[PDB]
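In the block that follows, a single chain appears as structure tokens, in the form deposited without the named molecule.
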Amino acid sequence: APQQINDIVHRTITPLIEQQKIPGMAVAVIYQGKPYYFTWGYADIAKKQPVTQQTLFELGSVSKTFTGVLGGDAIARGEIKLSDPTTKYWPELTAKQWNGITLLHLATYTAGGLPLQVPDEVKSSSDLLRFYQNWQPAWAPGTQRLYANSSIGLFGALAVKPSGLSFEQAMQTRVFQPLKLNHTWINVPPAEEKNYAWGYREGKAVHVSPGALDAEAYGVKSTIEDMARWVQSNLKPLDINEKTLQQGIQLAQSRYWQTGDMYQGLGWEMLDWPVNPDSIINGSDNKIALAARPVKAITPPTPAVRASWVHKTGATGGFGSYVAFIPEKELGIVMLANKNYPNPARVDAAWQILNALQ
């Protein structure tokens, strides 16, 4: 890698690892469209297995960017419209509170207060229907944003129904395979478990537990190389030869709602570039990121703005991830760690690196 990249990465990430006690970490810096890879530490502490460029990490909520793009691909196929009522795809959702709640609302967390998590007691299709049937909104749809797995998770599950494919099959055939993300998985096959890092929470090795709508909201595992290719694909959608996927990537970076200086895409979140670093750092703290905030609609949605900071944080019990990129600058970063450490530390480090290389 260019000396300037090696230098800023050492000076930023090695102290981050020291400060946060991260057992293993992989970073990709995309500079002038090309990825440069860095690894530290161990995927499995007890077995002394180092992190490599083939190590699989849990992406947590970065998975939502895949869901958003898969939804965009379905829009480009004409299979769904974001204005469609939720009940068009789940007619059994007869409760009156669902009148007026569209796929747009589900995808952008604006349905009216769907909860952060699907309750852990939901373990069957009947349980899932009862959960959504009995949920009572706190606000009218399209007025407040409340980040929620139960919202975009349902969007993903319904967006694939016209295709007749399961969510996993749709994701594999329509996103992973065309982009050659051949070491990206919703379910890690046995032959690949040898590459699956352990997450660490309070010193204990852990993997994410199964849960309702997990694939849609937080269940993807990937390598640093596949995640760099994911960033490249979102940086340069015109390089994607499948037209519906090219357009789906673009639609996930459209701006559908605004709150403060932040814009909501499909999975992705965006700010205008140049960005105020304190806003993205402070706004990444879960005290803000998970709070209800009023939103203003953007009608029609702003087509993807190249001068944007596009990003997403993600976590599981044992992992912490961050992706950010700037299309106009062909510049991005992926940070994958097997400890869930605070979001503002992730965003600060990412800013320091990309700011140094702009």
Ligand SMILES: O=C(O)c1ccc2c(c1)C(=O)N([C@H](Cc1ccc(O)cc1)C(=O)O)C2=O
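Counting begins at 1, following the sequence as shown.
In at least one third of the other compared structures of this protein with flanking residues present, residue 284 is left unmodelled. Here the stretch with the larger average CA B-factor, out of 223 to 231 and 182 to 190, is 182 to 190. Higher mean CA B-factor, judged across 30 to 38 and 299 to 307 from the recorded values: 299 to 307.
Across 265, 72, 156, 137, the greatest Cα temperature factor reported in the deposited entry is at 137. Among 62, 43, 292, 326, the highest C-alpha B-factor recorded in the PDB entry belongs to 292. Per the PDB record, residue ranking by Cα B-factor puts residue 106 in the middle third of the chain. For residue 284, the recorded CA B-factor ranks within the lowest third of the chain. Only modelled residues enter the ranking.
When the modelled residues of the chain are ordered by their C-alpha B factor, residue 357 lands in the middle third. The deposited CA B-factor of residue 177 belongs to the middle third of values across its chain.
Compared with the other modelled residues of the chain, the Cα B-factor recorded for residue 248 ranks in the lowest third.
We do not show the form deposited with the named molecule bound, though everything after this point is about it.
Site status: open, since the named molecule, placed here by C-alpha superposition from its pose in the bound PDB entry, has no atom within 2.4 Å of backbone or C-beta atoms. Residue 218 is the only one of 176, 218, 167, 268 with a heavy atom lying within 4.5 Å of the named molecule in the bound PDB entry. For the chain shown alone, residue 116 is a contact residue for the named molecule in the bound PDB entry, at least one non-hydrogen atom being within 4.5 angstroms. Heavy atoms of residue 184 never reach within 4.5 Å of the named molecule in the bound PDB entry, leaving it off the interface. Looking at residue 317, you'd find a heavy atom of it within 4.5 angstroms of the named molecule in the bound PDB entry.
Using a 4.5 Å cutoff between non-hydrogen atoms, residue 131 does not count as a contact of the named molecule in the bound PDB entry.
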